[PDB]
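A.B. asks: There's a structure below that I have some questions on.
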Amino acid sequence: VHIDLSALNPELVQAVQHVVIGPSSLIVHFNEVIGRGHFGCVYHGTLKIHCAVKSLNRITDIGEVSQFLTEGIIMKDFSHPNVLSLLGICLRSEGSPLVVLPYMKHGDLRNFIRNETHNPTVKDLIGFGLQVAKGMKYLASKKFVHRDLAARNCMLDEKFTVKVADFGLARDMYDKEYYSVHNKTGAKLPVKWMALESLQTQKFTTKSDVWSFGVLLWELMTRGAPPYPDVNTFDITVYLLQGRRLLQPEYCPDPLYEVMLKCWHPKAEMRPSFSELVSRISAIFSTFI
Ligand SMILES: COc1cnc2ccc([C@@](C)(F)c3nnc4c(F)cc(-c5cc(C)no5)cn34)cc2c1
């Protein structure tokens, strides 16, 4: 893997020095896999900054190198406390580049809320939801559409700060169960998180991210129950069109369920913005002790 600066959009050339990590600056501990995606494994690494280093060597070919760099450059300029940051990319003589992310001590949000070790309160769970909403408000303000928002796709650091993850160079399928193959297009889709219109057109928007966020809130309040367990894959469209939504979890406050129903409005344009979600959830959160 060689970097040809001329091949890039000339406006981005200056950003390369800030995204590329010199191999001498990074040590990666390949002895133990700490995480797995469809595109490769992840390992502990030290930059002493502790990091998660993701290999992309399960992919046959990584595509256009200039595009990969461009994706990295665009990703690295995102900075928000509820969005996973890119520390950089590191080139290795043999194999694809390594993607270098901050280490997230407590892993993905779904597994965290399912863990018997931890006991977040209803207030804590709502706060996790608020943090996600803030990250998504940021991403939406950058006109970035996530396309795969779900509890499995957010992570928690050592201070229990929630970060929207699984985007840009960290994008992957980290739990294959929840992705079904479309018969016409072949795309593997997170159907149980998708908006009605996306199930029909396969177009994703910020308003379809809002639908997914509604599902994520439901996951939080059920402590990571699988949505629609008694529905099979693409029959979700028929199920929803019967006039159905996920039921109100026992400990979900009534106004938070109302927020969920708004996220699942049949008219995409009538769903709340992430700014409105931050406002509404902040209020509900403030009522708890
Ligand atoms: C287990 O220890 C860690 C610590 N930090 C990590 C940071 C990123 C990642 C990385 C690059 F895979 C990643 N980036 N975004 C996501 C994400 F949204 C979800 C997951 C994830 C979910 C499951 C289940 N396993 O991994 C992994 N993700 C993995 C880490 C693993």
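Throughout, chain A uses Swiss-Prot numbering, with the displayed residues spanning 1051-1097, 1104-1345 in order.
Each residue, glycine too, has its Cβ placed from N, Cα and C.
Pulled from Swiss-Prot, these are the listed features:
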| type | residues | note |
| --- | --- | --- |
| BINDING | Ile1084, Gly1085, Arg1086, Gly1087, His1088, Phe1089, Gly1090, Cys1091, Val1092, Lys1110 | ATP binding site |
| ACT_SITE | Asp1204 | active site, proton acceptor |
| MOD_RES | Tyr1230 | phosphotyrosine |
| MOD_RES | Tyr1234 | phosphotyrosine |
| MOD_RES | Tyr1235 | phosphotyrosine |
| MOD_RES | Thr1289 | phosphothreonine |
A.B. asks: So for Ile1084 (ATP binding site), how many other CB atoms are inside 10 Å of its CB?
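C.D. replies: For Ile1084 (ATP binding site), the count of other Cβ atoms within 10 Å is 16.
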A.B. asks: Helix, strand or coil by DSSP: which one applies to the residue listed as 'phosphothreonine'?
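C.D. replies: Once the DSSP labels are grouped into three classes, the residue listed as 'phosphothreonine' ends up as helix.
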A.B. asks: Out of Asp1204, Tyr1230, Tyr1234, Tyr1235, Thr1289, which of these recorded positions is nearest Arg1086 (ATP binding site) by C-alpha distance?
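C.D. replies: Of the recorded positions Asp1204, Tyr1230, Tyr1234, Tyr1235, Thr1289, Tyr1230 has its Cα closest to that of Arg1086 (ATP binding site).
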A.B. asks: Since the record lists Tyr1234, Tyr1235 as modified residues, which of them has the fewest other Cβ atoms within 10 Å of its Cβ?
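C.D. replies: So among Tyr1234, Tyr1235, the modified residues given, the one with the fewest Cβ atoms within 10 Å is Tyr1235.
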A.B. asks: What recorded positions among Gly1090, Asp1204, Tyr1230, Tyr1235, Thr1289 have a C-beta sitting less than 6 Å from any atom of ligand 1?
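C.D. replies: What lies within reach of ligand 1, judged by Cβ under 6 Å, is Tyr1230.
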A.B. asks: Going by Cα-Cα distance, pick out whichever of the recorded positions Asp1204, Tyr1230, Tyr1234, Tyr1235, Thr1289 is nearest to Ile1084 (ATP binding site).
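C.D. replies: So, spelling it out, the nearest of the recorded positions is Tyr1230.
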A.B. asks: Fill in the CA-CA distance, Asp1204 (active site, proton acceptor) to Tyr1235 (phosphotyrosine), as an integer in Å.
C.D. replies: 10
A.B. asks: Tell me, in order along the sequence, which recorded positions from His1088, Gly1090, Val1092, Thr1289 have their CA within 10 Å of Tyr1235 (phosphotyrosine).
C.D. replies: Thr1289
A.B. asks: Take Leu1097 and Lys1104, the residues on either side of 6 unmodelled positions, and give their C-alpha distance in whole angstrom.
C.D. replies: 6
